[PDB]
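Notes follow the structure.
What follows is calculated from the coordinates using simple rules that are stated; it is not laboratory data. So basically every Cβ, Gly included, is an ideal-geometry build from the backbone, and we count neighbours across all protein chains shown.
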Amino acid sequence: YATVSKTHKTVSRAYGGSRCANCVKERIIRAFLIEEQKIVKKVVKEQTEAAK
Amino acid sequence: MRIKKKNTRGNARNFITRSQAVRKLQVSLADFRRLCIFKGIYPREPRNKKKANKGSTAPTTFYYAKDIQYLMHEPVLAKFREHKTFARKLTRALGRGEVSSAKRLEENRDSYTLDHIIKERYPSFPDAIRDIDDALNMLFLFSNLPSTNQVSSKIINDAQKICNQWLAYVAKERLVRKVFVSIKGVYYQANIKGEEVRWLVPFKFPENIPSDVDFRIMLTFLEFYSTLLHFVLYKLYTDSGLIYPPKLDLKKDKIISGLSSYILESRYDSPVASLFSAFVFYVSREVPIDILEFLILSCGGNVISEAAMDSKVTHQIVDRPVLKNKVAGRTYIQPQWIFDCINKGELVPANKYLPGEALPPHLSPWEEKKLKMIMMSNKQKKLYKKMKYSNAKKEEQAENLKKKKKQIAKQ
Amino acid sequence: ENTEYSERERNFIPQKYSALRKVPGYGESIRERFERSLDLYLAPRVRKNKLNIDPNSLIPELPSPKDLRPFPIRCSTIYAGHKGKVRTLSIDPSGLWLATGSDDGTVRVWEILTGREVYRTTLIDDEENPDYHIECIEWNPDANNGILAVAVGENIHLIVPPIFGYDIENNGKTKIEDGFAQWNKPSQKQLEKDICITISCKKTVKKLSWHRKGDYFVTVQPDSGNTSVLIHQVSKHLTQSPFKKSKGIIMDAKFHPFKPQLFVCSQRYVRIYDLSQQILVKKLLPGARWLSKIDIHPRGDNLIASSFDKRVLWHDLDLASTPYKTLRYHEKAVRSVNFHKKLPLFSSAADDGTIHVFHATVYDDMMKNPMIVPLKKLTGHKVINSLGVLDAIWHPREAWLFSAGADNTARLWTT
Amino acid sequence: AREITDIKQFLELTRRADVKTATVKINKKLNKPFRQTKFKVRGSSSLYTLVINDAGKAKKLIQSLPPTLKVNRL
Amino acid sequence: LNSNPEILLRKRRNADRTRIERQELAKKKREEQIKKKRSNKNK
RNA sequence: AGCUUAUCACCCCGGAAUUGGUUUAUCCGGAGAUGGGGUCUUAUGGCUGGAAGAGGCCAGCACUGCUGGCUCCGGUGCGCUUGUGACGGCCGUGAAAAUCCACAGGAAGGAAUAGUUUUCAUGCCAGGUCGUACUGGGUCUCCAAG
RNA sequence: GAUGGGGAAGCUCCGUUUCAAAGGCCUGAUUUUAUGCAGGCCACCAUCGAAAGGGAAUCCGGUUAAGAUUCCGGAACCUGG
């Protein structure tokens with residue numbers, strides 16, 4: 001592989017050279033859900049602090 | 001042989017990184033850069049950056065391996081260590097309390113000399129003249145600067161003495177060819193054996209010393225240039241048959257303290273060196289006698305300074321708003337006459353520089369292609385576009401100058 | 001003063017000091033010397049050679065275009081009054097009737113000289129329907145038939161109007177109706193619209209190319225993968241694929257002028273397939289990312305390629321796989337380039353609304369590279385919606401160039 | 001070894017002037033026999049061989065060969 | 001082309017940043033010295 | 001070395017159960033099958049160059065080689081060696097390093113008498129030393145025709 | 001199996017990370033009471049051990065008194081610059 005062009009070795013995608021694009025979607029969805037929950041957790045923290 | 005790693009041959013080992021060079025030399029960056037300046041070494045850029053920098057894309061600075069290796073053998077490296085050891089031992093004595101021991105140690109120390117650096121840096125005498133421009137500029141700048149906590153008074157005095165000796169040698173041999181005056185200061189272009197060396201001379205006015213600049217590098221540059229100019233002046237004096245060092249008359253030093261102070265003695269070939277021949281020029285108080293006197297002395301006869309103990313002259317230089325007396329025996333000419341006379345070299349008429357008269361401006365002495373371009377290649381097309389843009393930008397120099405001249409001509 | 005440091009060629013403002021005494025001191029002298037000293041021992045020194053060649057020397061010493069006349073210089077006829085934008089053009093073999101196709105669902109025929117809209121036909125009742133529209137139209141190269149192929153949606157319509165006369169029209173119709181994706185006989189509405197036969201595949205007919213034999217023609221079906229190209233014959237109403245497996249999306253495909261091989265212009269490559277054995281004869285690697293239209297010299301010795309990415313290329317079938325010369329001058333995508341059938345000329349069309357005509361000599365057998373030079377920049381088309389000359393076709397025998405644009409007004413150019 | 005169908009590429013390779021010798025191989029085949037022939041040149045990276053079937057094309061290629069290039073038969 | 005030989009100098013990057021940093025450092029050092037002189041007189 | 005070529009696997013439409021698909025071996029499908037449309041992994045085969053100028057099979061003369069032909073088109077496994085692809089399970093979840101390759105990453109550098117990048121193609125130079133002979137009931141080992 | 005250590009009178013035995021100051025990368029205008037060096041990051045740590053383990057790359061034809069992936073002809077492929 002030290003002489004083959006990167007075009008054959010790498011596909012035009014994020015994580016293309018090490019992932020099949022199926023788990024990439026899963027991890028993207030997981031990250032988005034984690035961010036949404038963190039926003040929800042911060043909202044819950046603000047609600048709790050509104051009383052104390 | 002076995003596999004050879006990519007970053008082990010070629011540009012990888014041909015150039016050594018500055019950080020790696022410092023580690024190899026085991027010398028502080030200050031001393032390393034001092035040695036580099038003394039040897040006149042500079043960084044270099046290979047045709048490929050990543051290849052030289054072990055395949056890593058970083059803004060690394062590269063230096064030639066051979067030059068650095070040769071530097072390691074310089075005695076100046078050992079002299080630096082000797083100086084550091086002496087300083088440590090002197091601090092030890094000072095802390096102990098035996099001042100006499102510190103004085104004895106100081107009386108034994110000797111400073112290193114860059115004589116052997118100059119020999120290899122400038123194998124032939126003409127080479128030194130071919131690059132003494134920067135040395136002269138730095139010396140002339142420092143000679144006018146005031147002493148501060150950074151620069152000692154002795155250094156400035158030595159620089160001023162070197163500048164005065166150089167000016168005296170130039171005046172005695174009348175090697176001045178072209179001169180110029182600008183905002184940055186007055187420019188002098190002498191001809192030392194044909195090298196047409198140019199050197200800036202700033203006005204003799206106070207200069208502010210901002211803290212932004214670092215004189216430490218300037219101190220080392222001046223230290224090197226001092227020895228360089230000393231050797232050059234000694235060689236020139238020996239070639240011209242003049243005694244060296246040239247003694248100075250203390251009586252003149254008290255009065256004028258300048259060009260005429262140095263009485264150089266042993267033991268004419270160009271029109272510029274013949275202007276004002278056998279003439280005597282009077283100089284007023286307003287003009288910079290330091291600059292004017294040197295020009296007249298190099299060009300023609302002597303000059304009578306406005307200074308006194310506090311006539312047979314033919315011309316008088318004055319820049320007063322209104323002429324005072326205008327004795328019939330003295331021709332009144334503005335200072336611009338001397339510069340224009342030197343630039344022209346044929347004694348430009350004096351009837352254009354009378355006192356109060358407007359001075360003339362001073363000038364420094366120095367259709368089918370549209371379709372045919374289709375067949376041009378990408379690189380050729382870009383090159384042609386760049387050339388066209390360069391032509392257009394240069395055309396502006398004339399267009400905006402002619403337009404402004406037209407605007408000025410209205411009145 | 002607002003400029004940053006190191007971009008200060010003039011480090012001060014020159015002033016007209018009336019007198020020497022008024023000249024003030026300079027406080028930046030220390031700064032200048034400090035900067036010079038730093039540059040001396042820190043600025044990377046690079047050895048280089050400063051160019052001094054004449055700027056105009058780079059221009060090649062090509063023959064003067066005016067000496068290669070005649071070539072089109074101005075627009076002489078305009079087919080104004082079109083309801084829709086003329087997407088395609090089609091000049092008959094006799095060079096008498098110029099057919100036009102637009103998105104208004106109506107095909108219009110304009111005389112080459114008089115410019116009268118002699119005949120019209122409607123293909124789609126829903127002129128405003130965005131699902132599909134007239135894609136391309138082409139006249140049958142064979143004479144004595146007067147058959148106009150009209151590609152609208154998936155329906156390929158062969159039209160034989162009353163323009164050419166009974167005998168020629170009768171022969172053309174008999175050629176079409178000789179059979180006694182799928183082929184279906186025209187309906188009453190189609191018959192009223194002078195449609196002689198209808199052919200419909202699963203995908204839309206984005207492009208069409210006829211063969212000089214008068215029976216074989218090819219269609220390009222983007223977003224069809226294996227079935228991106230299909231070969232059709234009128235003489236038997238038979239459809240066959242040029243090869244069993246087409247790779248990638250394909251934009252255009254045209255038969256060789258005389259050889260039994262079909263050129264396939266893939267998105268990134270142009271390939272030659274011999275229909276006798278369906279074997280890949282050669283592959284072309286143009287210096288452009290995405291070809292737009294393919295063109296073949298009538299002599300069959302040189303090939304022209306056009307690309308949407310500002311690139312138009314000249315290809316030689318004997319030089320190498322790469323283009324012989326790469327041309328890139330248009331301000332927008334090069335929509336189409338068409339060779340001249342008889343004269344040694346060709347012109348390129350781009351979305352910028354500017355048409356260029358190039359003279360090109362093609363040696364039949366001499367071992368010398370072709371000589372191609374520009375002739376004239378043609379202007380007059382209006383750029384609309386970032387689009388320009390959609391199509392352009394040369395006269396069968398004269399040095400005239402038909403044109404079509406998004407401005408709903410086809411044009412004809414004459415010397 | 002490599003095979004190329006670009007006649008002009010072969011001519012340019014021969015025109016390089018940095019090739020000592022070239023060889024043309026005559027062959028016989030049938031589909032109606034025909035005198036198949038091959039043109040071969042020596043390249044720095046790999047040998048380049050050109051396949052020619054028409055006799056006239058082979059004669060034209062032979063004529064196009066610069067006189068400075070020697071052509072050893074077979 | 002007959003291009004004449006020359007020796008080009010590459011841009012000394014970060015010169016303006018270095019100048020600004022030195023000016024800020026000089027100002028800070030002056031302020032610190034003034035403060036130290038103020039403090040040392042009240043011991 | 002240049003074209004063509006993949007079972008498996010992957011993606012889109014479709015939403016099955018009135019239960020469908022299928023291997024020698026029976027497992028899979030609302031966690032998306034039958035069905036329709038596309039993607040590439042190219043091992044392995046088909047054509048060409050190397051390449052018939054090689055080898056082999058014949059024929060004439062010289063009397064010391066030359067001179068002339070063929071070197072073609074098929075079928076096939078209860079025979080045997082080997083590789084490859086997905087499977088069935090067993091229970092011991094199953095050597096390391098050198099070397100090479102892959103990606104989250106966006107500091108660094110990129111312009112008007114040659115701005116950066118060279119995983120594209122070609123041209124240029126170099127690759128030390130050690131053994132290579134033979135042999136191989138009392139050491140091991142690779143192929144096994146009808 | 002040294003390395004830093006411990007026991008042994010000693011020829012020597014233990015111990016392989018063992019409470020060793022056990023090296024390997026980068027930046028800066030030259031570091032301000034004036035040219036003696038400052039700062040940013042990781043914490044493993046030699047070697048030997050296989051001609052049946054992994055591996056960068058040669059195929060064919062011919063040739064000898066004994067040698068062939070080496071010798072000759074043709075055509076190949078790997079690494080570094």
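Structure summary
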quantity	calculated
Residue among E:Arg22, E:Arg12, E:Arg38 that alone is among the basic types (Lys, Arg) and more than 8 Å from RNA strand G (Cβ to nearest atom)	E:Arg38
Answer residue from the range B:208-240, given it is within 14 Å of another protein chain (Cβ to nearest Cβ) and of a type in the set (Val, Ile, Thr) and is nearest to B:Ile129 (Cα to Cα) among those	B:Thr220
Index of the failed condition, B:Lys394 passing every other in (1) within 16 Å of RNA strand F (Cβ to nearest atom); (2) within 27 Å of B:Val181 (Cβ to Cβ); (3) touching a helix residue (DSSP H, G or I) at 6+ places or on another chain (Cβ under 6 Å)	(3)
Matching entry among C:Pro70, C:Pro55, C:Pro65 (being surrounded by fewer than 20 Cβ atoms within 10 Å (Cβ to Cβ) and within 14 Å of chain E (Cβ to nearest Cβ))	C:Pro55
Residue check for B:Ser226: over 23 Å from B:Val313 (Cβ atoms) and loosely packed, with under 15 Cβ neighbours inside 10 Å	no
Residues of the range C:105-126 satisfying the condition of being of a type in the set (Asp, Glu) and under 26 Å from the mean Cα position of the chain (by Cα)	C:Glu111, C:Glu117
Matching option when the condition is of a type outside the set (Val, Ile, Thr) and surrounded by 12 or more Cβ atoms within 10 Å (Cβ to Cβ), among D:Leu30, D:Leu74, D:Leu69	D:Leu69
Hits in the range B:44-61 - residues which are away from chain C (no Cβ under 14 Å) and more than 6 Å from RNA strand G (Cβ to nearest atom)	B:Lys50, B:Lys51, B:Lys54, B:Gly55, B:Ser56, B:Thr57
Helices (runs of 4 or more DSSP H) contained in the range B:1-120 and holding at least 2 residues among the acidic types (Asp, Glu) and exposed (fewer than 12 other Cβ atoms within 10 Å of the Cβ)	B:99-108
Filter result (over 25 Å from B:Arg216 (Cβ atoms), surrounded by 10 or more Cβ atoms within 10 Å (Cβ to Cβ) and facing chain C (nearest Cβ under 10 Å)) within the range E:5-43	E:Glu6, E:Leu8
Unmet requirement for C:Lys16, which otherwise passes all of (1) touching a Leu at 6+ places or on another chain (Cβ under 8 Å); (2) of a type outside the set (A, V, I, L, M); (3) in a loop (DSSP other than H, G, I, E, B); (4) within 12 Å of chain B (Cβ to nearest Cβ)	(1)
Residue in the range B:367-385 that is assigned to a loop (DSSP other than H, G, I, E, B) and closer than 30 Å to B:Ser284 by Cα present	no
Residue in the range B:342-360 that is within 12 Å of chain C (Cβ to nearest Cβ) and on the phi > 0 side of the Ramachandran plot present	yes
Subset of the range C:34-48 [under 57 Å from the mean Cα position of the chain (by Cα) and within 7 Å of chain E (Cβ to nearest Cβ)]	C:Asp39, C:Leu42, C:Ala43, C:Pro44, C:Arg45, C:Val46, C:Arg47, C:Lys48
Residue match in the range B:78-100 (condition: within 15 Å of RNA strand F (Cβ to nearest atom) and more than 12 Å from chain C (Cβ to nearest Cβ))	no
Among the candidates B:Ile3, B:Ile37, B:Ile41, residue that is more than 8 Å from RNA strand G (Cβ to nearest atom), β-branched (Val, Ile, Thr) and within 14 Å of another protein chain (Cβ to nearest Cβ)	B:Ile41
